[PDB]
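Compute the structure for the input listed below.
(chains A, B, C, D, E and F, ligands or ions: 12)
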6 protein chains.
Amino acid sequence: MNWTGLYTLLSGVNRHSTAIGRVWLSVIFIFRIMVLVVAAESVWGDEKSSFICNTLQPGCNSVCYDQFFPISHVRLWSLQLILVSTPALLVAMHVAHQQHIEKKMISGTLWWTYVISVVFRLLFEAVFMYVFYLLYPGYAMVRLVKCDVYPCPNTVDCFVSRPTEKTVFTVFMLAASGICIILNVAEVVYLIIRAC
Amino acid sequence: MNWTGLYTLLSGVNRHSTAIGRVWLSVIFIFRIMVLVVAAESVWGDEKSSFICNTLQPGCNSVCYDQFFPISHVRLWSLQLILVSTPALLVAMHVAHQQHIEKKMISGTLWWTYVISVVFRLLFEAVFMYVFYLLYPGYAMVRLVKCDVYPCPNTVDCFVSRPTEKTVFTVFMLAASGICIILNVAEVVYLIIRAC
Amino acid sequence: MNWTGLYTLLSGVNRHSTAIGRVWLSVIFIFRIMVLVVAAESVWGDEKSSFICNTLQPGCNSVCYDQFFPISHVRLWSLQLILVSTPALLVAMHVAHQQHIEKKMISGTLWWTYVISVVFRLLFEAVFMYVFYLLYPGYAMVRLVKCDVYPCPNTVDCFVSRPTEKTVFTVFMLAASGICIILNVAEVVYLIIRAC
Amino acid sequence: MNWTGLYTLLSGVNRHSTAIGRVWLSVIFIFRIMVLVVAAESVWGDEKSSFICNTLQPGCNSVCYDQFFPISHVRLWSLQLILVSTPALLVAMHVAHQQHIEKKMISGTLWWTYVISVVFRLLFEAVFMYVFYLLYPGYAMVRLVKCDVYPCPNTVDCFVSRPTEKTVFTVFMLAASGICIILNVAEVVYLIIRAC
Amino acid sequence: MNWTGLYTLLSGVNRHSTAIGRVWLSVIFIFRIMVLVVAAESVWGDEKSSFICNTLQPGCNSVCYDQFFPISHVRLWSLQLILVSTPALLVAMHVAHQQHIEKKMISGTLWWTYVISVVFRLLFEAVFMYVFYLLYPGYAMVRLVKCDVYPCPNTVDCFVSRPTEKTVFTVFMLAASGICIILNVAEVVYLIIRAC
Amino acid sequence: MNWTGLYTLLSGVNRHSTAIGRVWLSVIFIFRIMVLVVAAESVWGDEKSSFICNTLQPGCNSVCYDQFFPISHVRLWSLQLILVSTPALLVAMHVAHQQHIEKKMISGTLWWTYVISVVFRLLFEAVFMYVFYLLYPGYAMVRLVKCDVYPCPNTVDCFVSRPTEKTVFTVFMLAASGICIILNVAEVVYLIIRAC
Ligand SMILES: CCCCCCCC/C=C\CCCCCCCC(=O)O[C@@H](COC(=O)CCCCCCCCCCCCCCC)COP(=O)([O-])OCC[N+](C)(C)C
Ligand SMILES: CCCCCCCC/C=C\CCCCCCCC(=O)O[C@@H](COC(=O)CCCCCCCCCCCCCCC)COP(=O)([O-])OCC[N+](C)(C)C
Ligand SMILES: CCCCCCCC/C=C\CCCCCCCC(=O)O[C@@H](COC(=O)CCCCCCCCCCCCCCC)COP(=O)([O-])OCC[N+](C)(C)C
Ligand SMILES: CCCCCCCC/C=C\CCCCCCCC(=O)O[C@@H](COC(=O)CCCCCCCCCCCCCCC)COP(=O)([O-])OCC[N+](C)(C)C
Ligand SMILES: CCCCCCCC/C=C\CCCCCCCC(=O)O[C@@H](COC(=O)CCCCCCCCCCCCCCC)COP(=O)([O-])OCC[N+](C)(C)C
Ligand SMILES: CCCCCCCC/C=C\CCCCCCCC(=O)O[C@@H](COC(=O)CCCCCCCCCCCCCCC)COP(=O)([O-])OCC[N+](C)(C)C
Ligand SMILES: CC(C)CCC[C@@H](C)[C@H]1CC[C@H]2[C@@H]3CC=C4C[C@@H](O)CC[C@]4(C)[C@H]3CC[C@]12C
Ligand SMILES: CC(C)CCC[C@@H](C)[C@H]1CC[C@H]2[C@@H]3CC=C4C[C@@H](O)CC[C@]4(C)[C@H]3CC[C@]12C
Ligand SMILES: CC(C)CCC[C@@H](C)[C@H]1CC[C@H]2[C@@H]3CC=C4C[C@@H](O)CC[C@]4(C)[C@H]3CC[C@]12C
Ligand SMILES: CC(C)CCC[C@@H](C)[C@H]1CC[C@H]2[C@@H]3CC=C4C[C@@H](O)CC[C@]4(C)[C@H]3CC[C@]12C
Ligand SMILES: CC(C)CCC[C@@H](C)[C@H]1CC[C@H]2[C@@H]3CC=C4C[C@@H](O)CC[C@]4(C)[C@H]3CC[C@]12C
Ligand SMILES: CC(C)CCC[C@@H](C)[C@H]1CC[C@H]2[C@@H]3CC=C4C[C@@H](O)CC[C@]4(C)[C@H]3CC[C@]12C
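Residues are numbered from 1 along each chain as shown, chains lettered A, B, ... in the order given. Ligands and ions are numbered 1, 2, ... in the order given. Shown next is the structure:
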């Protein structure tokens, strides 16, 4: 398990990515993976069970939790990571397939494929950031949430678990996503400039 | 752990699959595996325990859960993934066995085996999609379910846990399955066209 | 991790097994392993805790569960898998030992060892299927079980958890076991025919 | 991960073990490891929590459990496995060290070391079997246990969890241990006979 | 898995780090990783559930825990470890990329990159130590905490779980962080001295 | 995964350790690791939750547990193992670094480093054994503990969970630590004798 092997695995051996997408984007991806691993089960592990309301009606806790957390932050970030990494995996499979098909018996198509992949990665990053903004306005979470949804009578007080720790990890993940967006835009601009 | 090794492992080294079954189907399979891993235990982990009814009769929770969830979505998708991956595993074992048997001492039979394997994969995809449609009509889950089954008296209100997150992951998995079906049909059509 | 290595590992390099025991039996074994892994802890994870009776006497739940589930399906299938795989492991160790002992300084004894191994595998499959039939008549599980055993007073109503999902997985595992039995019988018959 | 590598790893490359200690003892060790893995957490996972008494005094459950289960079966078998495998590990380290020390610049001492190792393995097997007999007379477990120990007033009825499944696995592990004892005795006798 | 491979992996093959950053810093990093692994889930596993207050108001436990533990020690140390290891990963990726780019067709820039990386590692260590000082003044934790925050009426007594064990592990981790800071300062000073 | 590789990894390739530190100390380390793994989560898993007192005051359980178990046995043994293994890791990194630095362009310094490492390992073993003696006098644990600490009124009866199993594992770990101390002293004496 040497450094050259890991670097080659993360690069995708596409021979078209510059330093800002082969040295920095991979590091940010590793950072996001590590943060998600260390915060997925320890922080958001008991987001459902430790979440309680101040009512006595049965079934109000579940409906309140689903009302205020349509999809938890960790699952949203996992989906974002998978969809962001999908185009890189596609490019890696494309270049491996091209090497295989030329082994049994080209630059421009690979260049266009890589550019389209970076554009799609940027698009997925922006889409997931916008979805996060829609579902959870603001970067901070509050302890008290007032919920008025059936079967809860009138408005009940539900209490979120670990709002501050979740706020800290939200800040970290949003900063990492913003850095990824900036790096992808820089990579696209650099490729366009070098093409012309 | 290089890209060529992973690509060769996913391809099955059958030397008969085109790009739409060697570069795209493997990526969709990886996507489904990753989504199932990140949603199997975090979302559907407490589908039984967090599921409560509004009655006082003992044993009504279990019978209601079994009535409304004959087999949970994650287990159904796991079975679908296993049965879809079975023909690819069979073709890989067949080609490995053929290489071994020719090493100790052919194209048409392998071509027919691959075509039959793709047909069976498409059939399994369609069968599991139809079963999902039968068991759970619609792509969305509801918070309230009215259950009238012994021993629950009359009709009781049971509350599902995380209907919206499960709806999101159901949409993702159904979209992936539809993409797999389309790719399999395209692969079969392309092979038939190239044969003639 | 190439396909040739996995195929050689699953074959046992005994140079006496045909396609129906080197390409198909290994695939069925992998299928059983995967189904057991995906159903061992998710389905049968809370078979004891979610199992409740309708009485108030302490200790009735445990005695009722032990009365109706002498050994759970997952553990029974795990024992069946281990005992079925034991003769294959023995043959692999035998052939490895033979290669080692001939390296420091034969076909008929290996052929007889393989035939005896297949016979013992078939015998273990049949024995475990018969034991499953004895303990749990029928392929289906019921929600209500009437238990009359000390200390439970008179007859109490215990409620099984997820009878339908367990029925589905029981059907899958029994079908796989039947396929294994048929393949083993076919392998024995083919070897006997080729010998004569 | 080939068969020759696994066989060499399990053999210990001591060049003094016959077939009954290089092909059979390793298989029985693998069988015991697999059974212990599949029964360690699923069966004995909730031996403490599902264990309840019929009293109302606080702290009676813990003292009763410690009174009737001084050390649980799984931990006892794990300790037995570790201590039985210790002499084999010692012999493997000895032969590796001898190869290293002869590489930088003998049969009789290795033979005596192997014989002493087999004797110690047999002794550990017998000691652990005798300890199991002392702590838990009989191969079967009972649902009701009558406990009269402070602070429990008079005699209370505690209920064991899954006595029948634990009985089945006890039978399996004791049979495996007996087979190991017989094989070790046979190996010692065979080595002594071949020496003279 | 030899020692040379592990040493090369931990060094980063930057050919500019002395013994006090290639032999000692890696050992301290391994020590911190191991302590964090052995204390992450066993000690801080039930910091939320075992944490209880002496009130009867619903939702007071969660708000009190979030008030006194904005971000738990284990997550803070995990973030510190990730951010401290980020510059080393960046330097490793930089040197791998430089080797790759010179393979398809320099000392001063690598030296400056390594110096900047060590400076940033020291800065992150100091920042996280200061944050730990701000959030949790003192190295010791107390059993009683007096909390007066909505909705808890007046001042309630909350009880932390395992204050002494957490204090011991806090002392260990703070000592390791201080050693890391000292080693980084020594490395910077040594590099500056050798440059001039 | 051969035996020579594992032996080389455990030895540290320091070319100065005799048989009593290269064949026996590594085996005892493996034994301690295995015992700690098989007893860390099964025995000491529920030391906090199954621990209950005979009072009604809230928060008395946590303060009593922290009073009688300042740091649990498993965590203490894990810290002891990490600190004992630290000097061996340091020597391995030192010898790897020396090989690297001589590769790009000595016996006495390595000998002194190894001797100092063995002395420090012995010192850490003795320190941790003395700490264990201070915290938990005697090798045995008792079911009843009388606790008189705020907020518990007067003296309350707390009940430890599995005292006998924990006593057995304490005996095993203390015996292993004593064997390690004896072996380290023997190694130091042998090295001193051979030097003179
Ligand atoms: C479905 C769940 C997915 C989760 C998300 C995964 C996300 C990503 C995570 C992980 C992906 C892999 C990360 C490490 C990659 C290192 C590659 C490397 O260095 O290769 C090199 C070394 O390679 C080897 O010799 C073997 C390296 C083993 C890598 C790990 C194997 C599987 C680990 C299982 C872990 C289980 C636990 C995982 C968590 C459950 C290549 O070899 P080489 O000698 O250089 O080649 C010849 C030299 N020459 C080329 C110069 C001629
Ligand atoms: C029963 C549960 C099943 C679950 C579903 C599984 C679904 C699928 C998941 C996983 C299947 C495997 C995925 C990775 C495959 C990579 C293969 C590869 O790159 O091979 C290459 C590198 O190979 C190596 O050098 C070693 C690579 C190790 C792969 C992982 C080993 C086991 C990981 C255990 C993980 C534990 C945790 C897993 C979760 C519990 C081949 O080597 P090469 O150097 O290229 O060969 C010579 C070069 N030449 C050919 C050009 C001449
Ligand atoms: C006690 C619990 C037991 C559970 C039940 C187990 C049931 C069975 C499950 C698993 C058994 C193993 C399955 C995979 C086997 C692949 C073998 C292979 O391809 O070998 C090849 C590649 O080999 C390599 O280069 C390394 C492959 C690593 C395999 C996984 C290692 C351990 C994974 C740990 C996972 C941890 C998690 C597991 C779950 C906790 C051989 O190499 P080659 O390059 O071909 O050789 C030279 C080439 N030539 C021969 C042509 C000259
Ligand atoms: C502390 C906890 C302890 C638990 C109890 C353990 C009990 C025992 C369990 C396990 C011990 C190991 C069992 C498998 C051994 C296979 C060895 C083998 O085949 O070697 C061969 C292949 O080797 C390879 O190429 C790599 C094989 C990887 C083996 C697994 C690595 C670690 C898995 C981690 C799993 C993580 C999960 C584990 C559970 C948490 C040797 O290579 P070769 O190519 O033959 O060499 C050259 C060829 N020539 C010699 C002919 C010239
Ligand atoms: C996302 C979660 C991240 C968690 C934090 C991770 C933190 C860090 C943790 C871990 C990082 C890795 C630590 C071990 C590195 C050893 C490297 C080594 O010795 O390489 C050598 C051997 O290499 C091999 O032959 C294979 C070694 C396999 C290493 C482990 C693979 C993945 C394990 C998965 C574990 C799963 C469980 C993990 C926990 C879930 C290199 O090979 P060589 O033969 O020397 O090369 C040719 C020789 N020549 C160069 C002289 C010509
Ligand atoms: C942070 C948590 C830490 C926990 C505490 C750890 C404590 C310690 C535990 C573990 C440390 C490692 C123990 C096994 C070491 C075997 C080394 C070996 O045999 O090397 C040999 C084989 O090497 C290979 O070919 C690969 C062997 C893979 C070893 C395991 C990799 C990671 C497993 C991940 C497990 C995941 C689960 C782990 C639990 C979560 C070297 O190769 P070779 O062919 O001999 O080299 C060329 C031959 N020649 C030199 C003669 C020319
Ligand atoms: C520039 C950045 C984004 C590059 C990131 C590379 C990512 C997308 C690549 C590099 C290595 C890849 C992994 C390599 C191997 C496997 C094992 C396979 O069974 C599932 C997919 C999985 C886990 C891949 C997922 C995608 C992956 C993580
Ligand atoms: C075209 C697409 C569908 C190809 C997908 C390839 C799939 C079916 C193949 C590729 C690699 C295969 C895996 C390779 C090795 C193992 C280990 C073995 O002990 C169990 C089966 C398992 C886990 C295989 C399952 C099937 C598998 C995942
Ligand atoms: C024809 C079919 C049935 C062949 C199936 C082969 C089976 C029985 C063989 C192939 C590879 C084998 C595995 C190879 C390596 C190990 C690691 C060892 O530490 C425990 C046993 C274990 C896990 C073996 C169990 C048995 C095994 C799974
Ligand atoms: C004849 C029979 C009894 C032989 C059995 C061989 C046993 C004792 C040997 C073979 C391989 C060995 C394992 C090889 C490697 C490791 C990794 C190390 O970090 C801990 C010990 C451990 C896990 C060893 C334990 C002992 C072991 C399992
Ligand atoms: C001088 C000291 C600080 C050096 C420490 C080196 C650290 C930062 C390096 C060495 C090896 C690296 C690991 C090597 C491989 C992987 C697998 C990848 O999928 C995620 C990142 C991860 C897990 C790396 C994280 C960073 C790492 C641990
Ligand atoms: C004589 C006896 C004491 C020798 C014992 C050797 C010990 C100290 C050595 C041998 C192999 C080493 C391991 C090898 C590799 C790794 C992976 C790394 O990411 C963390 C440290 C870790 C897990 C090491 C810890 C220390 C270790 C276990």
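
in chain A, which spans are helices?
For chain A, the helices defined by DSSP state H occupy A:3-11, A:19-22, A:24-40, A:60-68, A:73-103, A:107-135, A:163-195.

How about the third one and ligand 6, any contact?
It refers to helix A:24-40. No. If you take CB under 6 Å from any ligand atom as the test, helix A:24-40 misses ligand 6, and the best it gets is 13.1 Å. Yep, even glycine has a C-beta here, placed from its N, CA and C like the rest.

between that helix and helix A:163-195, how big is the angle?
160 degrees (axes from the mean of the first three to the mean of the last three CA atoms, to 10 degrees).

With just CA atoms, put helix A:24-40 into CSV.
Written as CSV, here are the backbone C-alpha positions of helix A:24-40 (Å, rounded to 0.1, in the frame of the first residue of the first chain):
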residue,chain,number,x,y,z
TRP,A,24,-6.6,18.9,-4.2
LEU,A,25,-9.9,17.5,-5.2
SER,A,26,-8.9,14.0,-4.0
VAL,A,27,-7.7,15.4,-0.7
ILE,A,28,-11.1,17.2,-0.2
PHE,A,29,-12.9,14.0,-1.1
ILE,A,30,-10.9,12.1,1.5
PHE,A,31,-11.6,14.8,4.1
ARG,A,32,-15.3,14.6,3.4
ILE,A,33,-15.3,10.8,3.6
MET,A,34,-13.4,10.8,6.9
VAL,A,35,-15.7,13.5,8.4
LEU,A,36,-18.8,11.6,7.3
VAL,A,37,-17.4,8.3,8.8
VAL,A,38,-16.6,9.9,12.1
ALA,A,39,-19.9,11.8,12.3
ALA,A,40,-22.4,9.4,10.7
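
quick one: residue A:33 and residue E:89, what's the gap?
12 Å (CB to CB, to the nearest Å).

higher neighbour count, those two?
Neighbours per residue, other CB atoms under 10 Å in any protein chain shown: of residue A:33 and residue E:89, the larger number sits with residue E:89, 20 against 13.

Contact partners for the nearest residue in space to the more buried one that is not next to it in sequence?
Nearest non-adjacent residue to residue E:89, counting by CB to CB, 6 or more residues apart in numbering or on different chains: residue A:27, 5.7 Å away. Neighbour list for residue A:27: E:86, E:89, E:90, E:93 [criterion: CB atoms under 8 Å, 6 or more residues apart in numbering or on different chains].

next one: residue A:126
Contacts of residue A:126 by CB under 8 Å, 6+ apart are residue A:181.

what do you get if the cut-off is 10 Å, keeping everything else the same?
By CB atoms under 10 Å, 6 or more residues apart in numbering or on different chains, residue A:126 lies in contact with A:177, A:181, A:184, A:185.

now swap in residue A:115 and tell me
With contact taken as CB under 10 Å, 6+ apart, residue A:115 is in contact with A:16, A:187, A:188, A:191, A:192, A:195.

Residue of chain A closest to ligand 10, please.
Nearest residue of chain A to ligand 10: residue A:1, at 16.8 Å (CB to the nearest ligand atom).

Next, work out how far apart residue A:133 and ligand 9 are.
Distance, residue A:133 to ligand 9, by CB to the nearest ligand atom, to the nearest Å: 49 Å.

Next, count neighbours for that residue.
12.

what does residue A:179 give?
If we define neighbours as other CB under 10 Å, then residue A:179 has 16 of them.

and it, what is it in contact with?
Residue A:179 neighbours (CB under 10 Å, 6+ apart): A:24, A:25, A:27, A:28, A:31, A:32.

hang on, the residue of chain A closest to ligand 10 packs against residue B:1?
Yes. Judged on CB atoms under 10 Å, residue A:1 makes contact with residue B:1 at a distance of 8.5 Å.

Give me the distance between residue A:168 and residue E:86.
17 Å.

Quick check: end-to-end length of stretch A:154-164?
Chord length of stretch A:154-164, first to last residue, is 28 Å (CA to CA, to the nearest Å).

Which positions in that stretch come out as buried?
A:156, A:157, A:158, A:159, A:160, A:161, A:162, A:163, A:164 (16 or more other CB atoms under 10 Å in any protein chain shown).

Please report the distance of the residue nearest to residue E:89 from residue D:61.
On the measure of CB to CB, residue A:27 and residue D:61 end up 52 Å apart.

near chain E, anything from stretch A:134-147?
Yes. Counting by CB under 10 Å from any CB of the partner chain, chain E has neighbours in stretch A:134-147: A:141, A:143, A:144.

filter these to the buried ones?
The neighbour count (16+ other CB under 10 Å) marks A:141, A:143 as buried among the residues of stretch A:134-147 next to chain E.

Quickly check the contacts of residue A:27 for the two that are furthest apart.
Spanning the widest gap among those are E:86 and E:93, at 10.5 Å by CB to CB.

This completes my enquiry, with thanks.
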